[PDB]
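Report on one structure; see the data block that follows.
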There are 4 protein chains.
Amino acid sequence: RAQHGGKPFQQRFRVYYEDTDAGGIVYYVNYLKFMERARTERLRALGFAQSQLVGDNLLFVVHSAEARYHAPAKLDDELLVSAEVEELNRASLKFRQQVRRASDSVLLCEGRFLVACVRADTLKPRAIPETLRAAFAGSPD
Amino acid sequence: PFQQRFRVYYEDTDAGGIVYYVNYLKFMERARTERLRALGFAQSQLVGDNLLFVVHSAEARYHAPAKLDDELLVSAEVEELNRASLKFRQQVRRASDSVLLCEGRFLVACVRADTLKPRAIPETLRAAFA
Amino acid sequence: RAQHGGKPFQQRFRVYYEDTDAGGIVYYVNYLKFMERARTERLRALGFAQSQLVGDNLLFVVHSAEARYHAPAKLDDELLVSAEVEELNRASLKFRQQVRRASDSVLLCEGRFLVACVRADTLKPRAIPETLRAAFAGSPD
Amino acid sequence: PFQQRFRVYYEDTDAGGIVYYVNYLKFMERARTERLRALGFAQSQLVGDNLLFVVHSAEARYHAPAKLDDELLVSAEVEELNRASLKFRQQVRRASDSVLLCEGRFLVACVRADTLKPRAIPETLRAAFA
Ligand SMILES: [Cl-]
Ligand SMILES: [Cl-]
Ligand SMILES: [Cl-]
Ligand SMILES: [Cl-]
Ligand SMILES: [Cl-]
Ligand SMILES: [Cl-]
């Protein structure tokens, strides 16, 4: 499917007022923004910053998004966000992501995303590049 | 059945020239609030009865794009009513031609507004759907 | 400068959870979004919907924004938002806007915006069109 | 002096391919929180002392655009400290070449966290700037 491990990639974020709602907790929709930011940072770390992606005519598009909410985060909490690849298809990828509170590791949100790889110009489906497929478990190319 | 109409503004759009995919969940949320209002459950009623609704799960499937200044029609069907929760089924369609843009499914929990603990949905509310 | 009156244009909006913060009130930044939506709706009503603007190669760009905050709005309040033109220059316009609570008319926010008119293609400064300048106090063209 | 560094993501961008102008105020807000943290005033300290900071006025002047994946440097200078309020002066610059993107000015009021009424800035806080 797609294998994960090692020093498992986590991106760290701070919760600001913009992220919160009237309840005094993170607005539930905003966890998907945090998860999106983490996928961008995982790509960067594997050698696929935004200039590299547009260089190779690659664009990633969300076709489906699912989130399950468990415990709340408050103003000024820090969040750790994973970006695992659960399955790797020819022209798409499924991400499995966890948002945890940094102080105590309690799971706040779990998300699953089906993400399509397309031509940046024309938005038509394309195969995930070789080097990218490789990166998703270890990248010296 | 019930549909709520919304306008797409600059704030909703992304570098692609289309609605940012996350934002469809906001539009669907607005429609649920408006469905509740129309069945007699505005915000003042909810805080009156010590009710708060919290999303426990959210799923969206994306089909076709919407652009700046499009109008959207958004449904808010209640597929199930459980003791302490409700499950919604929603569609976002472009107003001009009815093309399906997004579909969403949500499990929404009812909790005490004071203590945030799970509580039963009130009788009157359960009836308002039924 | 630029003259206002009549049945003074107001756009009506509802406050949803997305608009609120941890304080239980509208997040202050969001009033600028409401004011922007009102300017778009005022333009629409004067004959300048988005398809008309791109038709005439017009784009409006904010060069400055000032807001003063007075009283708070809560979840599920309705807002009335004005979009007055305070001054009309050759290639730009200054808007003066008020956000009021619908129930009791109390002033929540006042904003001022310097807005530039530019070519939609190339983003270069252009004159505000004749018909648009006219619309800002009465439009049979 | 103090600068906070931020990344521009898709969520920040608009149909123009640049940061949505409203979003610079969010970035400036984050920088004020981070300046306060570094001088010993995290959120837990503020709620500990019954303090809340509220924006009473906000001004932004826009100069040049930032794009997807740019890094931003954001300053958070305190120009004045009054009895019950503070006035900030902020600059947003592109990290790569230091070009000025936005400048902002904010009057921020100190209020009681319980009752929302105006209160004096604590001595310790006034000192931390001075
Ligand atoms: Cl996402
Ligand atoms: Cl790279
Ligand atoms: Cl699904
Ligand atoms: Cl605005
Ligand atoms: Cl029109
Ligand atoms: Cl100014």
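Each chain in the structure tokens gets a letter, A, B and so on, in the order shown; residues start at 1 in every chain, and ligands are counted from 1 in the order they appear.
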
*asked:* Based on only C-alpha atoms, which of the residues in chain D come within 9 Å of chain C? I want them as JSON, numbers by chain.
replied: {"D": [21, 22, 23, 25, 26, 54, 55, 56, 57, 58, 59, 60, 61, 62, 63]}

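Residues of chain D having any atom within 9 Å of chain B, counting only C-alpha atoms, are residues 10, 11, 12, 13, 14, 15, 16, 17, 18, 20, 22 and 68 of chain D.
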
Store the residues picked out above, limited to N, CA, C and O atoms, as a short mmCIF file (atom, residue, chain, number, x, y, z; two decimals), in the first residue's frame.
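Okay, selection17.cif is ready:
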data_model
loop_
_atom_site.label_atom_id
_atom_site.label_comp_id
_atom_site.auth_asym_id
_atom_site.auth_seq_id
_atom_site.Cartn_x
_atom_site.Cartn_y
_atom_site.Cartn_z
N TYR D 10 -1.71 28.04 0.59
CA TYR D 10 -2.87 28.20 -0.27
C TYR D 10 -4.04 28.95 0.35
O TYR D 10 -4.68 29.74 -0.32
N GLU D 11 -4.32 28.66 1.61
CA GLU D 11 -5.43 29.27 2.33
C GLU D 11 -5.35 30.78 2.39
O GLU D 11 -6.37 31.44 2.56
N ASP D 12 -4.13 31.33 2.28
CA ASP D 12 -3.86 32.77 2.41
C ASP D 12 -4.05 33.55 1.10
O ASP D 12 -4.04 34.79 1.12
N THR D 13 -4.08 32.82 -0.01
CA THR D 13 -4.03 33.37 -1.34
C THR D 13 -5.42 33.51 -1.89
O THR D 13 -6.39 32.97 -1.35
N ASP D 14 -5.52 34.38 -2.89
CA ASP D 14 -6.78 34.69 -3.58
C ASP D 14 -6.67 34.45 -5.10
O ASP D 14 -5.62 34.02 -5.60
N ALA D 15 -7.74 34.78 -5.83
CA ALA D 15 -7.81 34.56 -7.28
C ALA D 15 -6.73 35.30 -8.04
O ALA D 15 -6.27 34.81 -9.06
N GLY D 16 -6.28 36.44 -7.51
CA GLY D 16 -5.13 37.17 -8.06
C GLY D 16 -3.77 36.45 -8.05
O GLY D 16 -2.83 36.96 -8.65
N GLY D 17 -3.66 35.32 -7.36
CA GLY D 17 -2.37 34.65 -7.16
C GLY D 17 -1.48 35.26 -6.09
O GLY D 17 -0.29 34.95 -6.05
N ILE D 18 -2.04 36.11 -5.24
CA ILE D 18 -1.30 36.77 -4.17
C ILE D 18 -2.05 36.64 -2.82
O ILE D 18 -3.20 36.26 -2.79
N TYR D 20 -4.30 37.40 0.09
CA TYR D 20 -5.54 38.22 0.22
C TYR D 20 -5.26 39.35 1.26
O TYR D 20 -4.69 39.13 2.33
N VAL D 22 -6.76 41.21 3.38
CA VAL D 22 -7.20 41.03 4.72
C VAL D 22 -6.22 40.17 5.58
O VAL D 22 -6.12 40.39 6.78
N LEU D 68 2.17 32.60 -3.19
CA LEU D 68 2.17 31.28 -2.61
C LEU D 68 3.60 30.83 -2.26
O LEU D 68 4.50 30.91 -3.08
#

*Enumerate as a list in words the residues within 8 Å of ligand 2, counting only C-alpha atoms and all ligand atoms.*
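Those within range of ligand 2 are residues 43, 44, 45, 46, 47, 48, 49, 50, 51, 52 and 53 of chain A.
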
Which residues of chain A have any atom within 6 Å of an atom in chain C when counting only C-alpha atoms, and what is the closest pair of atoms for each, with the distance in Å to one decimal? Order the rows by chain and rising number and write it as CSV.
residue,atom,partner,partner_atom,distance
A:20,CA,C:21,CA,5.1
A:21,CA,C:21,CA,4.2
A:22,CA,C:24,CA,4.1
A:24,CA,C:22,CA,4.1

With C-alpha atoms retained, write the just-selected residues as a compact mmCIF listing (two decimals), in the first residue's frame.
# COMPACT_ATOMS: atom_id res chain seq x y z
CA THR A 20 -10.88 29.68 17.26
CA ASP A 21 -14.62 29.99 17.44
CA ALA A 22 -17.25 31.18 19.96
CA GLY A 24 -13.31 28.88 22.96

Write out as a short mmCIF file (atom, residue, chain, number, x, y, z; two decimals) with N, CA, C and O atoms, in the first residue's frame which residues come within 7 Å of residue 95 (chain D) when counting only C-alpha atoms, dropping same-chain ones fewer than 4 positions away.
data_model
loop_
_atom_site.label_atom_id
_atom_site.label_comp_id
_atom_site.auth_asym_id
_atom_site.auth_seq_id
_atom_site.Cartn_x
_atom_site.Cartn_y
_atom_site.Cartn_z
N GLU D 71 8.01 33.39 2.22
CA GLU D 71 8.17 33.57 3.65
C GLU D 71 8.05 35.05 3.96
O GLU D 71 8.47 35.85 3.16
N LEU D 72 7.46 35.38 5.11
CA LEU D 72 7.23 36.76 5.52
C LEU D 72 7.96 37.04 6.84
O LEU D 72 7.90 36.20 7.76
N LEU D 73 8.60 38.21 6.95
CA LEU D 73 9.09 38.69 8.23
C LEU D 73 8.20 39.80 8.75
O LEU D 73 7.90 40.77 8.01
#

Enumerate the residues of region 43-96 of chain B with a DSSP assignment of strand (DSSP E), computed from the backbone, and present them as an mmCIF file with N, CA and C atoms, in the first residue's frame.
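Everything below was put into part.cif:
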data_model
loop_
_atom_site.group_PDB
_atom_site.id
_atom_site.type_symbol
_atom_site.label_atom_id
_atom_site.label_comp_id
_atom_site.auth_asym_id
_atom_site.auth_seq_id
_atom_site.Cartn_x
_atom_site.Cartn_y
_atom_site.Cartn_z
ATOM 1 N N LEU B 51 -28.458 24.011 24.907
ATOM 2 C CA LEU B 51 -28.008 23.143 23.810
ATOM 3 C C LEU B 51 -26.841 23.773 23.083
ATOM 4 N N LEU B 52 -25.899 22.921 22.714
ATOM 5 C CA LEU B 52 -24.857 23.256 21.769
ATOM 6 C C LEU B 52 -24.681 22.074 20.822
ATOM 7 N N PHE B 53 -24.534 22.353 19.527
ATOM 8 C CA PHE B 53 -24.238 21.315 18.518
ATOM 9 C C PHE B 53 -22.758 21.326 18.137
ATOM 10 N N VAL B 54 -22.127 20.157 18.158
ATOM 11 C CA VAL B 54 -20.662 20.032 17.874
ATOM 12 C C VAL B 54 -20.471 18.983 16.794
ATOM 13 N N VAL B 55 -19.637 19.263 15.811
ATOM 14 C CA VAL B 55 -19.361 18.309 14.746
ATOM 15 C C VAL B 55 -18.439 17.239 15.302
ATOM 16 N N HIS B 56 -18.850 15.979 15.200
ATOM 17 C CA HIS B 56 -17.974 14.856 15.585
ATOM 18 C C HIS B 56 -17.288 14.254 14.357
ATOM 19 N N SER B 57 -17.918 14.313 13.195
ATOM 20 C CA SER B 57 -17.268 13.860 11.964
ATOM 21 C C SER B 57 -17.816 14.611 10.772
ATOM 22 N N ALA B 58 -16.939 14.771 9.781
ATOM 23 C CA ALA B 58 -17.211 15.563 8.575
ATOM 24 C C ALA B 58 -16.565 14.887 7.379
ATOM 25 N N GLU B 59 -17.320 14.735 6.292
ATOM 26 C CA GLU B 59 -16.813 14.114 5.032
ATOM 27 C C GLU B 59 -17.275 14.947 3.865
ATOM 28 N N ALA B 60 -16.387 15.262 2.939
ATOM 29 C CA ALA B 60 -16.787 15.945 1.733
ATOM 30 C C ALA B 60 -16.211 15.302 0.530
ATOM 31 N N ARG B 61 -17.072 15.149 -0.480
ATOM 32 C CA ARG B 61 -16.611 14.680 -1.780
ATOM 33 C C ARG B 61 -16.775 15.808 -2.780
ATOM 34 N N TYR B 62 -15.720 16.056 -3.549
ATOM 35 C CA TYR B 62 -15.674 17.190 -4.429
ATOM 36 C C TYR B 62 -15.866 16.766 -5.862
ATOM 37 N N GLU B 71 -23.525 31.755 -7.564
ATOM 38 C CA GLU B 71 -24.464 31.504 -6.486
ATOM 39 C C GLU B 71 -24.516 30.012 -6.248
ATOM 40 N N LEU B 72 -24.668 29.604 -4.982
ATOM 41 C CA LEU B 72 -24.689 28.201 -4.582
ATOM 42 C C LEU B 72 -26.028 27.867 -3.921
ATOM 43 N N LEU B 73 -26.601 26.702 -4.253
ATOM 44 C CA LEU B 73 -27.721 26.166 -3.497
ATOM 45 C C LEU B 73 -27.260 25.014 -2.634
ATOM 46 N N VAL B 74 -27.609 25.068 -1.346
ATOM 47 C CA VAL B 74 -27.104 24.103 -0.367
ATOM 48 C C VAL B 74 -28.242 23.492 0.434
ATOM 49 N N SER B 75 -28.278 22.172 0.390
ATOM 50 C CA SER B 75 -29.283 21.373 1.074
ATOM 51 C C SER B 75 -28.758 20.985 2.424
ATOM 52 N N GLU B 77 -30.398 18.027 4.566
ATOM 53 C CA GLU B 77 -31.270 16.888 4.944
ATOM 54 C C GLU B 77 -30.810 16.183 6.235
ATOM 55 N N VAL B 78 -31.757 15.748 7.058
ATOM 56 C CA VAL B 78 -31.415 15.021 8.263
ATOM 57 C C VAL B 78 -31.761 13.572 7.975
ATOM 58 N N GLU B 79 -30.714 12.740 7.865
ATOM 59 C CA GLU B 79 -30.802 11.337 7.456
ATOM 60 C C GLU B 79 -31.131 10.463 8.645
ATOM 61 N N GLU B 80 -30.620 10.821 9.832
ATOM 62 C CA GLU B 80 -30.943 10.120 11.062
ATOM 63 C C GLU B 80 -30.943 11.017 12.268
ATOM 64 N N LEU B 81 -31.806 10.668 13.218
ATOM 65 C CA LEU B 81 -31.875 11.342 14.475
ATOM 66 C C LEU B 81 -31.647 10.242 15.520
ATOM 67 N N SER B 85 -27.434 12.724 19.106
ATOM 68 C CA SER B 85 -26.793 13.152 17.855
ATOM 69 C C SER B 85 -27.723 13.036 16.623
ATOM 70 N N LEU B 86 -27.282 13.666 15.537
ATOM 71 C CA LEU B 86 -28.023 13.813 14.307
ATOM 72 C C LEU B 86 -27.040 13.655 13.113
ATOM 73 N N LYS B 87 -27.460 13.047 12.007
ATOM 74 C CA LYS B 87 -26.562 12.862 10.872
ATOM 75 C C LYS B 87 -27.153 13.562 9.688
ATOM 76 N N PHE B 88 -26.374 14.482 9.091
ATOM 77 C CA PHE B 88 -26.838 15.318 7.976
ATOM 78 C C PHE B 88 -26.257 14.831 6.715
ATOM 79 N N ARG B 89 -26.983 15.088 5.627
ATOM 80 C CA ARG B 89 -26.552 14.792 4.246
ATOM 81 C C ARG B 89 -26.761 15.981 3.449
ATOM 82 N N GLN B 90 -25.720 16.503 2.779
ATOM 83 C CA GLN B 90 -25.822 17.855 2.159
ATOM 84 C C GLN B 90 -25.286 17.847 0.770
ATOM 85 N N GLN B 91 -25.838 18.680 -0.119
ATOM 86 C CA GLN B 91 -25.336 18.838 -1.448
ATOM 87 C C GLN B 91 -25.137 20.327 -1.682
ATOM 88 N N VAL B 92 -23.990 20.701 -2.273
ATOM 89 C CA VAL B 92 -23.776 22.061 -2.804
ATOM 90 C C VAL B 92 -23.873 22.037 -4.347
ATOM 91 N N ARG B 93 -24.832 22.770 -4.888
ATOM 92 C CA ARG B 93 -25.038 22.883 -6.338
ATOM 93 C C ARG B 93 -24.914 24.316 -6.820
ATOM 94 N N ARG B 94 -24.383 24.491 -8.024
ATOM 95 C CA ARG B 94 -24.340 25.799 -8.647
ATOM 96 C C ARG B 94 -25.772 26.225 -9.020
#

Apply DSSP to the structure's backbone, then extract all residues of region 19-124 of chain D labelled alpha helix (DSSP H) and return them as a PDB file with N, CA, C and O atoms, in the first residue's frame.
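Output (out-v2.pdb):
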ATOM      1  N   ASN D  23      -5.572  39.165   4.949  1.00  0.00           N
ATOM      2  CA  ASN D  23      -4.782  38.198   5.668  1.00  0.00           C
ATOM      3  C   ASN D  23      -3.518  38.810   6.279  1.00  0.00           C
ATOM      4  O   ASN D  23      -2.985  38.278   7.253  1.00  0.00           O
ATOM      5  N   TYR D  24      -3.037  39.927   5.746  1.00  0.00           N
ATOM      6  CA  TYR D  24      -1.871  40.565   6.377  1.00  0.00           C
ATOM      7  C   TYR D  24      -2.159  40.962   7.817  1.00  0.00           C
ATOM      8  O   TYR D  24      -1.189  40.944   8.665  1.00  0.00           O
ATOM      9  N   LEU D  25      -3.426  41.284   8.124  1.00  0.00           N
ATOM     10  CA  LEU D  25      -3.762  41.656   9.494  1.00  0.00           C
ATOM     11  C   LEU D  25      -3.653  40.434  10.423  1.00  0.00           C
ATOM     12  O   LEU D  25      -3.408  40.610  11.589  1.00  0.00           O
ATOM     13  N   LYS D  26      -3.966  39.232   9.904  1.00  0.00           N
ATOM     14  CA  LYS D  26      -3.805  38.005  10.672  1.00  0.00           C
ATOM     15  C   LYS D  26      -2.315  37.749  11.006  1.00  0.00           C
ATOM     16  O   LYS D  26      -1.938  37.439  12.143  1.00  0.00           O
ATOM     17  N   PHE D  27      -1.476  37.898  10.006  1.00  0.00           N
ATOM     18  CA  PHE D  27      -0.021  37.745  10.176  1.00  0.00           C
ATOM     19  C   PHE D  27       0.548  38.726  11.202  1.00  0.00           C
ATOM     20  O   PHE D  27       1.389  38.348  12.011  1.00  0.00           O
ATOM     21  N   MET D  28       0.084  39.976  11.166  1.00  0.00           N
ATOM     22  CA  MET D  28       0.478  40.987  12.123  1.00  0.00           C
ATOM     23  C   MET D  28      -0.022  40.650  13.515  1.00  0.00           C
ATOM     24  O   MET D  28       0.712  40.823  14.500  1.00  0.00           O
ATOM     25  N   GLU D  29      -1.230  40.138  13.633  1.00  0.00           N
ATOM     26  CA  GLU D  29      -1.727  39.690  14.897  1.00  0.00           C
ATOM     27  C   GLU D  29      -0.860  38.553  15.500  1.00  0.00           C
ATOM     28  O   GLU D  29      -0.535  38.587  16.685  1.00  0.00           O
ATOM     29  N   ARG D  30      -0.463  37.588  14.668  1.00  0.00           N
ATOM     30  CA  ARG D  30       0.363  36.478  15.139  1.00  0.00           C
ATOM     31  C   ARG D  30       1.676  37.009  15.709  1.00  0.00           C
ATOM     32  O   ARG D  30       2.148  36.507  16.735  1.00  0.00           O
ATOM     33  N   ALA D  31       2.229  38.027  15.061  1.00  0.00           N
ATOM     34  CA  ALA D  31       3.508  38.605  15.481  1.00  0.00           C
ATOM     35  C   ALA D  31       3.442  39.338  16.851  1.00  0.00           C
ATOM     36  O   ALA D  31       4.375  39.287  17.688  1.00  0.00           O
ATOM     37  N   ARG D  32       2.327  39.996  17.102  1.00  0.00           N
ATOM     38  CA  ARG D  32       2.114  40.645  18.377  1.00  0.00           C
ATOM     39  C   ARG D  32       2.065  39.592  19.501  1.00  0.00           C
ATOM     40  O   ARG D  32       2.652  39.774  20.560  1.00  0.00           O
ATOM     41  N   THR D  33       1.407  38.458  19.239  1.00  0.00           N
ATOM     42  CA  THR D  33       1.269  37.379  20.207  1.00  0.00           C
ATOM     43  C   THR D  33       2.654  36.829  20.438  1.00  0.00           C
ATOM     44  O   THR D  33       3.022  36.587  21.567  1.00  0.00           O
ATOM     45  N   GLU D  34       3.438  36.665  19.374  1.00  0.00           N
ATOM     46  CA  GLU D  34       4.757  36.121  19.548  1.00  0.00           C
ATOM     47  C   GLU D  34       5.711  37.073  20.242  1.00  0.00           C
ATOM     48  O   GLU D  34       6.585  36.597  20.953  1.00  0.00           O
ATOM     49  N   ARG D  35       5.537  38.379  20.060  1.00  0.00           N
ATOM     50  CA  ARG D  35       6.379  39.369  20.744  1.00  0.00           C
ATOM     51  C   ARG D  35       6.075  39.292  22.238  1.00  0.00           C
ATOM     52  O   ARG D  35       7.003  39.203  23.061  1.00  0.00           O
ATOM     53  N   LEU D  36       4.794  39.310  22.575  1.00  0.00           N
ATOM     54  CA  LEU D  36       4.375  39.157  23.965  1.00  0.00           C
ATOM     55  C   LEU D  36       4.903  37.879  24.630  1.00  0.00           C
ATOM     56  O   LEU D  36       5.392  37.940  25.786  1.00  0.00           O
ATOM     57  N   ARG D  37       4.825  36.744  23.916  1.00  0.00           N
ATOM     58  CA  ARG D  37       5.361  35.498  24.411  1.00  0.00           C
ATOM     59  C   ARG D  37       6.830  35.672  24.769  1.00  0.00           C
ATOM     60  O   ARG D  37       7.232  35.266  25.842  1.00  0.00           O
ATOM     61  N   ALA D  38       7.624  36.256  23.871  1.00  0.00           N
ATOM     62  CA  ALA D  38       9.057  36.332  24.056  1.00  0.00           C
ATOM     63  C   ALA D  38       9.433  37.264  25.208  1.00  0.00           C
ATOM     64  O   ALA D  38      10.513  37.096  25.774  1.00  0.00           O
ATOM     65  N   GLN D  43      -0.266  33.313  26.594  1.00  0.00           N
ATOM     66  CA  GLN D  43      -1.687  33.300  26.905  1.00  0.00           C
ATOM     67  C   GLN D  43      -2.005  32.863  28.331  1.00  0.00           C
ATOM     68  O   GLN D  43      -2.901  33.431  28.948  1.00  0.00           O
ATOM     69  N   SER D  44      -1.318  31.842  28.847  1.00  0.00           N
ATOM     70  CA  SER D  44      -1.581  31.380  30.234  1.00  0.00           C
ATOM     71  C   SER D  44      -1.280  32.476  31.278  1.00  0.00           C
ATOM     72  O   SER D  44      -2.024  32.612  32.247  1.00  0.00           O
ATOM     73  N   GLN D  45      -0.253  33.300  31.037  1.00  0.00           N
ATOM     74  CA  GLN D  45       0.028  34.463  31.899  1.00  0.00           C
ATOM     75  C   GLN D  45      -1.115  35.510  31.904  1.00  0.00           C
ATOM     76  O   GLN D  45      -1.464  36.070  32.960  1.00  0.00           O
ATOM     77  N   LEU D  46      -1.682  35.763  30.724  1.00  0.00           N
ATOM     78  CA  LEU D  46      -2.721  36.770  30.551  1.00  0.00           C
ATOM     79  C   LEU D  46      -4.016  36.374  31.234  1.00  0.00           C
ATOM     80  O   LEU D  46      -4.649  37.186  31.901  1.00  0.00           O
ATOM     81  N   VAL D  47      -4.441  35.140  31.029  1.00  0.00           N
ATOM     82  CA  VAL D  47      -5.660  34.634  31.657  1.00  0.00           C
ATOM     83  C   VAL D  47      -5.435  34.452  33.167  1.00  0.00           C
ATOM     84  O   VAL D  47      -6.365  34.648  33.954  1.00  0.00           O
ATOM     85  N   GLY D  48      -4.194  34.124  33.553  1.00  0.00           N
ATOM     86  CA  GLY D  48      -3.770  34.145  34.944  1.00  0.00           C
ATOM     87  C   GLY D  48      -3.993  35.484  35.630  1.00  0.00           C
ATOM     88  O   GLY D  48      -4.501  35.520  36.746  1.00  0.00           O
ATOM     89  N   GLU D 123       1.835  46.524  35.811  1.00  0.00           N
ATOM     90  CA  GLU D 123       3.143  47.132  35.991  1.00  0.00           C
ATOM     91  C   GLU D 123       4.204  46.333  35.283  1.00  0.00           C
ATOM     92  O   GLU D 123       5.037  46.898  34.573  1.00  0.00           O
ATOM     93  N   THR D 124       4.200  45.028  35.532  1.00  0.00           N
ATOM     94  CA  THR D 124       5.172  44.107  34.955  1.00  0.00           C
ATOM     95  C   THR D 124       5.196  44.158  33.443  1.00  0.00           C
ATOM     96  O   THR D 124       6.262  44.052  32.845  1.00  0.00           O
TER      97      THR D 124
END

*CA of residue 77 (chain C) and CA of residue 37 (chain C), how far apart in Å?*
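Pair CA of residue 37 (chain C) / CA of residue 77 (chain C) returns 16.8 Å.
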
*Atomic separation - CA of residue 112 (chain D) relative to CA of residue 125 (chain D), Å*: 14.8 Å

_Straight-line distance linking CA of residue 87 (chain A) with CA of residue 7 (chain A), stated in Å to one decimal_ = 19.5 Å
